[PDB]
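One chain follows as structure tokens, the form deposited in one PDB entry.
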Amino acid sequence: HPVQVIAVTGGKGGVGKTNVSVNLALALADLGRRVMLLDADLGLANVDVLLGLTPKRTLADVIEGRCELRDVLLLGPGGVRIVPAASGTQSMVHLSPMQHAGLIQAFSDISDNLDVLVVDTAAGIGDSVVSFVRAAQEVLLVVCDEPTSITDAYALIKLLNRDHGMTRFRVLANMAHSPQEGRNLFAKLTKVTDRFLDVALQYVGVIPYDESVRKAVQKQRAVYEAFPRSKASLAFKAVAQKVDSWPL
């Protein structure tokens, strides 16, 4: 039983990486999978904030040697297991390759009875982002239809490909006003990556712009839980069906 590992990323700030990570995790749990969600925004933790959780200890405690990784695990909704990050601990955003590797390696000790790990990455193209993305089997790029997000997503793809040997990427359009808007967005990325790179982009669909997501964030409850019948939640179910179909 190999664990499916999905890194949710995108370069651009605020495109919905954390919302997608949280609600994809919940949707996969709804399909019957045993799911873990790692907050890899190591110094600006938001997974706990979106879920209204107040972690006593975090990955900060782990790295500083005050506790073991198993000791910081939190229970989220639907049985999802959460690994919480720190908020405001600067050292956590520039960890050595050794510390990053050590952390990733340490997950093998809490891998029991697990089907899927979802990893929520920070904004940007920094070492923490690249380290976690490189360590995943599937790279889910969250993109929205604005020139800055398209530009940032392309930059991250180019970087991961040219410096880190990554050659396959999943693309999810978030805050789309229509499914066709997402397809057109994917078409844009396909043309520029076709022209300059040798990579395989695979489209996963859209999460629509949905006021229910804004309401869910205010409530600090996952939209998938708080508004299970909303268009966004139904779209997360669809993405989960696709993810679950991917070869391990």
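Just so we're on the same page, rigid core means the largest C-alpha set that superposes within 1.5 Å between forms. When you see a residue number, it is the position in the sequence shown, counting from 1.
The stretch 88-96 shows the higher mean C-alpha B-factor when 88-96 is compared against 127-135 in the entry. For the pair 63-71 and 44-52, the mean Cα B-factor is higher in 63-71. Ranking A173, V116, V119, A101 by Cα temperature factor from the entry places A101 first. Looking at the C-alpha B-factors along this chain, the one for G79 belongs to the middle third. For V243, the recorded CA B-factor ranks within the middle third of the chain. Only modelled residues enter the ranking. Ranked by C-alpha B-factor against the other modelled residues of its chain, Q105 falls in the highest third. Annotation for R195: C-alpha temperature factor in the middle third relative to the rest of the modelled chain, per the entry. Among all modelled residues in its chain, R33 ranks in the middle third by Cα B-factor.
The form deposited in another entry exists for this protein as well; it is not shown, and the discussion that follows is about that form.
Considering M166, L74, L114, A136, one residue stands apart with a C-alpha shift of at least 2 Å between this form and the one not shown following superposition on the core, and it is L74. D194 is not among the residues whose C-alpha shifts by 2 Å or more between this form and the one not shown once the rigid core is aligned; its shift stays under 2 Å. Relative to the superposed core, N46 shifts its CA atom by 2 Å or more between this form and the one not shown. The Cα shift for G182 between this form and the one not shown, taken after rigid core superposition, is smaller than 2 angstroms. Compared with the form shown here, the Cα atoms of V93 and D163 move at least 3 Å closer together in the other form. Pairwise change in the other form: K242 and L51 C-alpha atoms lie farther apart than in the shown form, at least 3 Å.
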